[PDB]
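Note on naming: letters A, B, ... go to the chains in the order of the sequence lines (proteins, then strands), and numbering restarts at 1 for each one.
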Amino acid sequence: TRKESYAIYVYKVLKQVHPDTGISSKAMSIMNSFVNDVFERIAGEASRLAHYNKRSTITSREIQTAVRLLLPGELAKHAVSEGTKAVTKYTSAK
Amino acid sequence: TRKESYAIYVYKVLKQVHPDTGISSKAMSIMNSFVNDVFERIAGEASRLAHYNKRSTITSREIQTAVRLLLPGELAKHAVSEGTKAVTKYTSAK
Amino acid sequence: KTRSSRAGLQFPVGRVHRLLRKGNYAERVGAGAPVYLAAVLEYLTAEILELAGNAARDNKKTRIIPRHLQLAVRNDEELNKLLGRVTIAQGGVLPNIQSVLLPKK
Amino acid sequence: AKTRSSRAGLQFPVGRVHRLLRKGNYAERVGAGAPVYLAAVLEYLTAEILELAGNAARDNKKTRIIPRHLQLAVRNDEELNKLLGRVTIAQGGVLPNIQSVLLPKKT
Amino acid sequence: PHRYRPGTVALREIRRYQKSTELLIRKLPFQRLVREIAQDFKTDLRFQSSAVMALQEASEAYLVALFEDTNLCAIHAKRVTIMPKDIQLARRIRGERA
Amino acid sequence: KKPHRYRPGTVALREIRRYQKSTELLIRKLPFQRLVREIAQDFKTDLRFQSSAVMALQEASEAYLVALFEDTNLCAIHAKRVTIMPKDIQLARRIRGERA
Amino acid sequence: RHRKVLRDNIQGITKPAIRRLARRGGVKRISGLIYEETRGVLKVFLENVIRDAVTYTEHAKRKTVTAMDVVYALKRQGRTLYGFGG
Amino acid sequence: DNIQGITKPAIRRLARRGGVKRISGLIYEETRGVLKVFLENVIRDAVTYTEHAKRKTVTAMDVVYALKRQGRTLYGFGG
DNA sequence: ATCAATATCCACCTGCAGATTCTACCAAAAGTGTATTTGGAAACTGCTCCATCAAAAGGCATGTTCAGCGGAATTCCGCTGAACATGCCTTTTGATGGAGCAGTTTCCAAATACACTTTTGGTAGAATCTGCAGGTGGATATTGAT
DNA sequence: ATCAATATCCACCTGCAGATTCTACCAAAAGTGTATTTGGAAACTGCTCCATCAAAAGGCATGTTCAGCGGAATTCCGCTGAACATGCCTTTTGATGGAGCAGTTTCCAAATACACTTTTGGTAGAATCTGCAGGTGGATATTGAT
Ligand SMILES: [Mn+2]
Ligand SMILES: [Mn+2]
Ligand SMILES: [Mn+2]
Ligand SMILES: [Mn+2]
Ligand SMILES: [Mn+2]
Ligand SMILES: [Mn+2]
Ligand SMILES: [Mn+2]
Ligand SMILES: [Mn+2]
Ligand SMILES: [Mn+2]
Ligand SMILES: [Mn+2]
Ligand SMILES: [Mn+2]
């Protein structure tokens, strides 16, 4: 009967930007819907992108173009940096 | 260089409805966009339905509920009736 | 002999099956799904061809052009709603002038 | 043996994101960099809303962020407002906003 | 016998409601309306209580935004009073009406 | 022999009647083609366009402006005018949710 | 057994409740005919959403409309709702 | 300039087709501004699809995909 | 401007419902080793994209004039806001019966990938085919002056 | 009501751009049988949570009275746009070589995925912790009469 939620990660990020602020269960539910919603939007644009180009794989490149098509100007710029940074850092290990 | 399209079938249907009416190439192109558009809307809704209910199969049932969610009243009623007739007429074969 | 014929259809059941399997809709595609889908597509196509055909005959033409498709769809309450967010190229619009704009008779 | 999140420098779960991408029937395959890049974007957007919501909570002298603080944060920020332009936040209310012509007469 | 002028209490009302987030339609009456409409589509349906609340949060958000657009329509016509023709123009422009 | 002139609004009505009957593009092509390349150039320099791509852009832009003008007309008439103004277009876009 | 009969419940959406929603919407003056007009727009809105939610319910072969059915129905109509698992 | 190349008469025709009878003089510049915003939004996405496929030619399909995701689906150019 | 009826802000006060912390299981992440592919790089060809001269002339731009639209000012009928009195019905909290829903277990019909076989669907030199766009004559309608 | 300037309409005529039919290619598909798997339907069933209602309590809906002031009719007239005619700048179409750059095939190395199986990062439930809803009261602020 269990059910995953992004709650613990949303909470970690909250502690990082506002160390002394908590969050109600209804706000957290809103935050979880938001993450799920953005995940589907980006995954769907990436899925579409791959099909249009006849590729059978979704790579970081499709996520990047998808983020670029989905987010408004400035949020797109910062998301791409954070995404690119994470990939490069992940690639530099192991 | 082969490029598939629904053109020959749309033409076959045009003959059953209006034996003496032809169609321009631009109108055919519009009809091809129409079939592709409805195919995607219906298949997409069918995919979500199966994912919402945790099944890995898209059956005539998902197609049917999809049509019901997507088409306006009477159109829905007739499409379901054609879809059901076609499945019966196909199971009643050798 | 031919999946489309066993179903009583002109639209290609096999092609629809393949489009469904390769579209990433789900892991598996039921055998009847492409049958039902193809029939729905054929029906909608006939519905639009039937009204576009009538529009062609009304303007005294034998060949259906985009304009006839637009006239057919915008004059039919239900197709207009289904295609509510679609633009038919070279379709023009329905003749329609607001009554307050007509000259005083 | 480090988690993929840690290795990526993220708080959001790369592994879970990878799996959700796999079960979503988005494509036949999912490259290893896709979930990392996607997890970072999700974490960035959530840090962005929480920063602004947290400020809204402090402005109303509150320690706990509630739905109203998320709505104030999204509606007062041009870009988030656009990203969530067709989204309704339960219990969010609306921004105070009265049309000028409606105000008591003079000036 | 004190009296606020017409418009004075309406403005205080706008300030008070734009400040809160509480649902504005009574709960039971909304729940009966939902059951009645649903019963007309299919008899014998039950409802998780959170399904009714979700319908109420969506319905109120939709009407509040519709009144905002309706008010802009009234003001465009040099009025401060909304009328049925304002709501109809707004719904027509939104594509909710033919 | 001749003087003659139609009243204001009479030719405007024949033009509506004539343009609602036809389906041809109403903005000149070359000027449109230039607008398009100019705008594309601000996003990525040295691009080429298939001719059907410029056409798709024109059919879409024209169908959009025409539907916007219909909504704009309803806003002018709502205010009891038969003349559309910038404020009518702004109201139509605001309600449509295109922002003002 | 025997659930009482439901009828005329749209009148349960009172004139006072309607002025409140309008206040939240920034409206200062309301004409007497607005109330019935609003009631008619609300019914159309509920019918459309409940119809789709019930369609999701029936497809799942259930008799109980879940918050998820309502959330999916609002989503497909482009009225995405956050806060209920959606 | 280019946007200026979209003429008053062309703007008037589009309006006639829209059932408009009388046009104020400030309408022409207002329209031009709306057309440019519309084109920027669609061309931006089409070019983004062009770059993604590593091309230097904007295709009809690129425009069609861009119109579709902006909720302006267009029939007649493929897809 | 002066004073009175009222509402608004806000800071302290406090029990508690709701949130943040501690615990022992288990889906579900994370290394290996094959076995298998996707799709990139490059050489390469030819589809169409670009830039352009050159007639033909179709529209745009400018300017003059004035018909009539839009908006300001004034007026006043009656609609809608404010407020009051009365009391109905919503809300909150339990209390109970049980309709349904979801989580194992068992198992048969149905779907997949491979492999192999026959043909339909796409293409295009082919061209004969043919609907109707445009152009003309001449009859009648519409419009707007007088 | 009477002209007369123009618009609009119908019948007919015909070349040709674009449509339907001929046709042979041939890679590509659609499809049939098989051996492997598994997705998901009854039947059973624990037990969540939904429907229903009643008491108590008071918030808030209903219905009336009173009159402030909003909306909209009428009139008027300034000046913005519509109509039109003059002048010519610029688009449009087609014949026309130069070249950019799509997109196909082949070779092949990096990079997937699925079954194994080891280890732990979440999750649900129990325990532990605390923000702020809502009442009080009181100083300041806003309205609206005079
Ligand atoms: Mn009923
Ligand atoms: Mn390959
Ligand atoms: Mn007037
Ligand atoms: Mn009462
Ligand atoms: Mn064949
Ligand atoms: Mn003709
Ligand atoms: Mn003649
Ligand atoms: Mn007034
Ligand atoms: Mn070069
Ligand atoms: Mn641990
Ligand atoms: Mn308080």
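- Nucleic acid contact for E:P1: none, since no nucleic acid atom lies under 4.0 Å from a heavy atom of the residue.
- No contact: C:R21 has no heavy atom under 4.0 Å from any strand.
- With rounding to whole Å, C:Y25 atom OH is found 19 Å from I:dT112 atom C1'.
- Considering every non-hydrogen atom in both H:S24 and F:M85, the closest pair reads CB-CG, 4.1 Å.
- Across every strand in view, I:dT146 sits in a pair with J:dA1 that passes the Watson-Crick or G-U test at under 3.5 angstrom.
- For a distance-only test at 3.5 Å, the side chain of B:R2 fails to qualify as a donor-acceptor partner of the base of J:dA28.
- Ranking I:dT91, J:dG70, I:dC50 by closeness to the F:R48 side chain, first place goes to I:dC50.
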Exercise. Apply side-chain hydrogen bond (donor to acceptor under 3.5 Å, both in side chains) to the pair A:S29 and A:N32, showing each step before the final yes or no.
Key: CA-CA 5 Å; A:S29 184; A:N32 194 56; over 6 Å; no
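- Between F:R34 and J:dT91 there is a side-chain polar atom (N or O) within less than 4.0 angstrom of OP1 or OP2.
- Residue H:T7 places no side-chain N or O under 4.0 Å from the OP1 or OP2 atom of I:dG59.
- The NE2-P distance, from F:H4 to J:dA83, rounds to 12 Å in whole Å.
- Atom CG of E:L11 is separated from atom P of I:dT80 by 18 Å (rounded to the nearest Å).
- Nearest-nucleotide assignment on DNA chain I puts the 5′-proximal partner with F:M85, out of F:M85 and B:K3.
- More than 12 heavy atoms of other residues, nucleotides or ligands sit less than 6.0 Å from atom NZ of E:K27.
- Within 4.0 Å of E:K19, counting heavy atoms only, lie sugar-phosphate atoms of the nucleic acid but no base atom.
- Minimum atom distance to the side chain of B:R55 is reached by J:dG40, of the listed J:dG103, I:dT6, J:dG40.
- Residues E:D86 and E:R79 have side chains in contact (heavy-atom distance under 4.5 Å, counting atoms from C-beta outward).
- Between C:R3 and A:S5, the one whose closest nucleotide on DNA chain J sits nearer the 5' end is C:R3.
- With distances taken from any side-chain atom of F:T10 to the nucleotides I:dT91, J:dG131, I:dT143, the minimum falls on I:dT143.
- Between F:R28 and C:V29, the one whose closest nucleotide on DNA chain I sits nearer the 5' end is F:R28.
- Below 30°, between 30° and 60°, or above 60°: for D:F12 and A:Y6 the angle between ring planes is below 30°, a parallel geometry.
- For B:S56 and D:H18, each mapped to the nucleotide of DNA chain J holding its nearest heavy atom, the one lying further toward the 5' end belongs to B:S56.
- Between the base of I:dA82 and the side chain of E:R3 there is a donor-acceptor pair shorter than 3.5 Å.
- Remark: J:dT23 does not pair with I:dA124, failing the Watson-Crick or G-U wobble criterion at under 3.5 Å for both atom pairs.
- Across the strands present, I:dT86 finds its partner in J:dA61; the criterion is a Watson-Crick or G-U wobble pair with both atom distances under 3.5 angstrom.
- Among the heavy atoms of the strands, none lies under 4.0 Å from G:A17.
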